[PDB]
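Engineer: Experimental coordinates follow, after the sequence.
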Amino acid sequence: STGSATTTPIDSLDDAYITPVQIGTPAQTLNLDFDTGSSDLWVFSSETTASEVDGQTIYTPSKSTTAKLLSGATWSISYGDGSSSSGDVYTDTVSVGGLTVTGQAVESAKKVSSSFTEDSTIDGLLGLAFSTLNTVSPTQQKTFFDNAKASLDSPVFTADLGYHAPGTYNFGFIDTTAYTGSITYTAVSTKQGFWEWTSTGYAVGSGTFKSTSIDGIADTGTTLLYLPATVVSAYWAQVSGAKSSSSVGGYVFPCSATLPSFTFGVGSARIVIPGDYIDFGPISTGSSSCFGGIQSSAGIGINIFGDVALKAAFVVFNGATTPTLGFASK
């Protein structure tokens, strides 16, 4: 089997991407944020505290003939940005892009933090990291990808995110029309439950490539590119008037600037992030200070190749017995 679904930016900055997901019988379609940095499939629901719902579409298990309470199971998650959610668990039929899993754990939110409530466009998350990070207790649950894997034509999914445009998530096949040149594969460590890999270095603009190992994770659920403070200072030093602002919470730059590209290494291959991908616009409406898309990881504890970096590539998440990542230009 295979599946193929379009993923659409939630706003003009590509802050996140939503993908429609069918849950239950008859289908209830919710727009979920596919997150390769977490392992829970959770939704706004008929159980979510009413004051914490503001425009999201909700899953109502009582209206699904295939929903079953997973008795005694609870979940609770905290993300890198400080946001959180928790609740109980149903099993139900879940379909993405024509690919169906029966008996998928659907984690129903009873509580969500303010950042979720305030984002009316995101109806929940579909985690695509390794199932060792799933938060369901006392019986940990499998991701949608781990449940689908054995049925897929190939045990892979691909992320093809757009720059200010829709893109695609494919399951079970590699669309050879979706990229240019060849795919370069690189080793993955699953020790922390992430798609963790090691980049071979970087360049700023037309500068020379610096060969250096940068361990990090491929995370579709993170907007920006977070890298060591040495690398980030080297990038922003090439932009007149850029500075790190403790009041704003990272590097800002004059909105009149033209940003340089950023290149990262994947083995002997190179992925080039155009400068425009690094512009996240005014820090507040009408400001002439703009927020940067490359930021220091120093206060996180991990480097994160988020959407700024991934949208520059066709990315293969290979879930074979020895997992690997693949990157191609496009």
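Structural biologist: Sure, I can see it. Residues are numbered from 1 along each chain as shown.

Engineer: tell me the contacts of the most centrally placed residue in the chain?
Structural biologist: Central residue of the chain (CA atoms, centre = their mean): residue 220, 1.8 Å from the mean position. Contacts for residue 220 (CB atoms under 8 Å, 6 or more residues apart in numbering) come out as 17, 34, 35, 36, 37, 128, 159, 161, 306, 307, 310. Any C-beta I mention is one placed from the backbone N, CA and C, and that applies to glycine too.

Engineer: Phi, psi for the last one please.
Structural biologist: Backbone dihedrals for residue 310, given as degrees, to the nearest 10, come out at phi -70, psi -30.

Engineer: Make 38 the starting number, not 1.
Structural biologist: All set: I'll call the first residue 38, so the last point we hit is now residue 347.

Engineer: quick one, helices of the stretch 238-367 of the chain?
Structural biologist: Secondary structure of the stretch 238-367 of the chain (DSSP state H, counting those that start in this stretch): helices at 266-273, 344-347.

Engineer: Does anything pack onto the shortest one? Which helices or strands?
Structural biologist: In other words, helix 344-347. Under the contact criterion of 3 or more CB pairs under 8 Å, 6 or more residues apart in numbering; DSSP states H and E, helix 344-347 touches strand 306-310.

Engineer: Pull out the buried residues from the strand it packs on.
Structural biologist: Buried residues in strand 306-310, counted by 16 or more other CB atoms under 10 Å: 306, 307, 308, 310.

Engineer: Apart from its chain neighbours, what residue comes closest to the second one?
Structural biologist: The spatial neighbour of residue 307 that comes closest, neighbours along the chain excluded (CB to CB, 6 or more residues apart in numbering), is residue 300 at 5.2 Å.

Engineer: Would you map the strands across the stretch 238-367 of the chain?
Structural biologist: 247-255, 262-264, 280-282, 287-291, 299-303, 306-310, 316-319, 326-329, 331-333, 340-342, 351-355, 361-365 (DSSP state E, counting those that start in this stretch).

Engineer: Quick one, which of these gets closest to residue 60.
Structural biologist: strand 351-355 (22.2 Å; CB to CB).

Engineer: which residues does the residue nearest to residue 307 contact?
Structural biologist: By CB under 8 Å, 6+ apart, residue 300 lies in contact with 239, 240, 241, 246, 307, 308, 309, 310.

Engineer: any chance of these in a markdown table, with distance to residue 161 too?
Structural biologist: Formatted as a markdown table, the contacts of residue 300 follow (distance: CB to CB, whole Å):
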| residue | distance to residue 161 |
| --- | --- |
| 239 | 34 |
| 240 | 38 |
| 241 | 37 |
| 246 | 40 |
| 307 | 36 |
| 308 | 30 |
| 309 | 33 |
| 310 | 29 |
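
Engineer: Tell me how this structure divides into domains.
Structural biologist: Here the domain parsing of the chain from curated CATH domains is 42-211, 212-367.
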